[PDB]
Number of protein chains: 2
Amino acid sequence: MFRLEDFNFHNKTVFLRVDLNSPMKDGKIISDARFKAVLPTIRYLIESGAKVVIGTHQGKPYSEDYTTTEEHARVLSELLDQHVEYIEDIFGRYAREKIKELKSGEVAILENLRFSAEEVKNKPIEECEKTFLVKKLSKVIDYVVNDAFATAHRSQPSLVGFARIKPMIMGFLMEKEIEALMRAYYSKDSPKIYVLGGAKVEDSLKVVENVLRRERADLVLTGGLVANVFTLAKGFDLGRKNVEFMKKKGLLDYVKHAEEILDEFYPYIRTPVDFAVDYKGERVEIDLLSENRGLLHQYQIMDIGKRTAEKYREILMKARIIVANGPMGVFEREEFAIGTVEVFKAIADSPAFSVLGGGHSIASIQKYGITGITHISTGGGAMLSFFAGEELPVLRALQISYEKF
Amino acid sequence: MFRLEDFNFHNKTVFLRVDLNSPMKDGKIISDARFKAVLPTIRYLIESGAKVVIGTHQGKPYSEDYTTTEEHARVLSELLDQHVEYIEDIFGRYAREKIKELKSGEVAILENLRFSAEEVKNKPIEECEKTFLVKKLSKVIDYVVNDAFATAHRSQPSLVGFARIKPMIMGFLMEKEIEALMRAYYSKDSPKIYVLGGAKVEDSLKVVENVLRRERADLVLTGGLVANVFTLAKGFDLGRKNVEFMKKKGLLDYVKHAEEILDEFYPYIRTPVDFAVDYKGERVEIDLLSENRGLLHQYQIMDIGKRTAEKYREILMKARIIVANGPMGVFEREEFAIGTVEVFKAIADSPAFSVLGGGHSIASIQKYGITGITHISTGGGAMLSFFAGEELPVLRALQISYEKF
Ligand SMILES: [Cl-]
Ligand SMILES: [Cl-]
């Protein structure tokens with residue numbers, strides 16, 4: 001796989017595909033983490049004298065966080081202290097001309113790539129390379145630098161389509177994401193502890209089964225909805241309020257799979273011994289075995305309890321390898337972030353080689369200044385696909401582009 | 001619903017949404033029938049001194065007939081004799097500026113609307129009006145003239161999204177289409193004869209069931225795959241190559257539905273009494289009352305027979321209302337077009353109020369010059385939807401727009 005050092009970018013037009021798809025509120029970006037994660041690659045191309053054309057998606061059609069890339073352009077302008085021109089087009093006449101007018105060291109960003117109908121579809125490289133998006137942009141670019149690890153599990157045209165048409169190179173972020181995850185995945189050491197939270201139940205279950213069956217994990221700790229589903233699968237009654245919540249998310253269509261995984265690896269999976277509910281706005285912790293458990297029928301679980309975090313810490317502090325994804329509870333709400341903060345701090349204090357991902361789901365981490373984690377991935381869905389043992393389309397394309405040029 | 005005369009388009013900017021989605025061969029237009037169908041509307045707008053911005057889709061993403069609208073610009077230029085400019089954008093910066101620069105009486109065409117990720121989705125008007133396509137285009141246009149009858153059954157942003165934002169008006173084609181079809185459908189006169197051919201079995205069966213159950217048709221004649229399905233459902237076998245061909249496109253999944261319809265309206269459904277088959281490229285007509293009927297277990301049917309045509313026209317001549325859709329056989333093949341050519345002429349001669357539709361499926365009719373048919377619709381799926389008694393999103397949007405402005 002090509003690396004940034006293998007090419008001379010002076011006066012070369014570079015299509016830099018990154019993932020600046022950021023969490024938003026009222027259409028405003030609420031976390032610039034993904035922007036900071038790509039500054040090194042961007043700075044390298046600028047200093048290298050390349051003409052940088054940035055491309056990113058934001059949300060998906062009809063979604064609340066589906067916006068133009070105008071704000072991304074300003075955010076980028078500020079972090080780089082260099083004007084980043086917002087080109088309101090993707091691959092049409094205007095975009096091509098604006099791209100041609102770029103001088104060495106200058107940077108611009110195209111419109112939300114997902115404004116394009118071809119871009120939103122996941123298709124084989126053979127189909128992506130024939131898209132109008134790829135064919136028309138290919139006429140004005142020399143190389144493609146892909147730093148979009150967070151979208152590495154998608155097979156969309158801007159991501160894999162240029163592979164056989166232009167040399168597609170890994171950015172610095174992509175290279176460090178792959179190196180860290182591969183390192184954790186293939187460790188020969190142990191304990192290898194996995195911590196799965198968040199609401200991506202189906203995908204988290206694919207991870208659980210893969211790492212346990214292939215022995216990449218010695219133990220799996222659970223939080224968030226992942227924990228709720230496994231806890232129900234064990235036989236505990238989480239209450240109507242909570243059962244309906246899971247049901248309303250189709251998450252019950254996975255309780256089945258959860259039970260089957262429990263039947264096969266019961267002793268290698270840990271679930272909360274206590275939870276926190278939203279009792280009239282206040283944080284109230286109940287014990288799964290205590291009587292107050294009745295509270296679960298009317299009040300919703302929002303976080304794991306003090307004793308679970310405590311137990312998880314003990315285990316994590318003795319791990320050699322830690323792979324974590326997603327929050328332990330409703331991380332965005334201060335009163336229900338404790339569980340996540342404690343588990344993440346345990347990961348950070350642990351001497352283990354640690355990797356923590358979650359994408360937008362763990363964006364709130366930027367408020368707790370947690371240090372010590374070896375690698376905080378920009379990936380959420382992408383990370384889950386990787387630890388599930390699924391080939392990432394972007395990585396395959398990178399390999400195909402390398403073997404070709 | 002508004003009409004072109006309810007407004008003064010002098011120096012007004014009008015977004016003329018038409019359906020110029022044309023049949024193609026290797027990316028080039030092989031039929032301009034849909035272009036001619038909208039000329040009357042374009043001429044009028046020009047004469048009114050309006051700033052005409054044409055919008056059309058072509059194919060769908062990743063399809064073989066998905067192309068830019070640049071050739072459409074040429075074709076349109078010739079037919080109008082007035083050079084139409086191809087604007088390579090939809091609603092972006094370049095698009096808005098090009099539109100602004102239009103003089104009264106000038107015509108331009110935007111890029112294939114389905115290059116837009118928002119445009120390809122069928123969504124409620126409430127969501128369509130909040131799209132970037134509608135929001136951004138609404139700032140540079142005064143009126144929307146919708147002549148896209150062929151796309152009337154779709155609820156995509158360009159078609160229904162402007163409804164509440166700008167007065168949407170029926171062009172001359174949309175109006176002519178709605179009335180002609182509304183006439184036949186509600187006609188209290190008789191005999192009302194329907195002729196259903198083509199390969200859209202599911203959609204055709206919905207029409208049969210609706211018009212017979214709602215007594216809008218006194219008799220139904222069948223051709224193409226629709227005839228096979230019904231004939232086969234009557235218990236008359238059609239060989240192995242054919243039967244397998246049925247399974248090929250899963251047409252045998254509708255035989256059951258065809259049977260239910262037969263068990264309820266058997267006397268009102270006419271199937272062919274003789275077909276024609278292909279043999280290395282040789283038309284061979286067979287009769288159900290005749291002897292030799294074998295190749296069927298290794299070869300495929302491609303048209304009805306002479307006897308069926310005679311009978312069909314015999315009936316068609318006694319009709320007061322005729323609604324036909326699709327070909328009788330493989331219309332694109334010179335040899336296997338006889339059945340179709342014959343039936344269409346019968347419809348033309350009949351003194352009944354006739355309506356023929358099919359869209360791309362009957363494009364070959366441009367090589368036989370058949371006059372007499374009262375109304376040759378540009379619609380195919382749109383026509384079938386209408387006669388199935390389904391509500392057309394574009395008509396409902398045209399009304400909503402009316403009872404607003
Ligand atoms: Cl996605
Ligand atoms: Cl369609």
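Heads up, header says this was done by X-ray crystallography, 2.1 Å.
Yeah, the Cβs are placed from backbone N, Cα and C, and that goes for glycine too.
Features of the protein shown, as given by Swiss-Prot:
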BINDING   B:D19, B:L20, B:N21, B:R34, B:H57, B:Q58, B:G59, B:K60, B:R114, B:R154  substrate binding site
BINDING   B:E332, B:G358, B:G359, B:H360, B:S361  ATP binding site
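A map of Swiss-Prot features onto the structure.
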{"residue": "B:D19", "record": "substrate binding site", "CB count, 10 Å": "26"}
{"residue": "B:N21", "record": "substrate binding site", "CB count, 10 Å": "24"}
{"residue": "B:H57", "record": "substrate binding site", "CB count, 10 Å": "26"}
{"residue": "B:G59", "record": "substrate binding site", "CB count, 10 Å": "16"}
{"residue": "B:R114", "record": "substrate binding site", "CB count, 10 Å": "22"}
{"residue": "B:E332", "record": "ATP binding site", "CB count, 10 Å": "13"}
{"residue": "B:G358", "record": "ATP binding site", "CB count, 10 Å": "28"}
{"residue": "B:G359", "record": "ATP binding site", "CB count, 10 Å": "25"}
{"residue": "B:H360", "record": "ATP binding site", "CB count, 10 Å": "18"}
{"residue": "B:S361", "record": "ATP binding site", "CB count, 10 Å": "22"}
Spatial separation of B:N21 (substrate binding site) from B:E332 (ATP binding site) - C-alpha basis, Å: 18
Subset of binding-site residues B:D19, B:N21, B:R114, B:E332, B:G359 within reach of chain A (CB-CB under 8 A): B:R114
Helix, strand or coil at B:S361 (ATP binding site) [DSSP, three-state]: helix
Alpha-carbon distance [B:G358 (ATP binding site); B:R114 (substrate binding site)] in Å: 22
Listed in sequence order, residues not in B:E332, B:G358, B:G359, B:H360, B:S361 with Cβ within 8 Å of the centre of the ATP site Cβ atoms: B:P23, B:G198, B:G326, B:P327, B:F331, B:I362, B:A363, B:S364, B:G380
For ATP, whose listed binding residues are B:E332, B:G358, B:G359, B:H360, B:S361, the greatest C-alpha pairwise distance in Å: 13
DSSP-derived class (H/G/I helix, E/B strand, else coil) of B:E332 (ATP binding site): coil
Pairwise CA distance, B:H57 (substrate binding site) versus B:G358 (ATP binding site), rounded so that it is a whole Å: 18
Inter-residue Cα distance where the pair is B:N21 (substrate binding site) and B:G358 (ATP binding site), in Å: 14
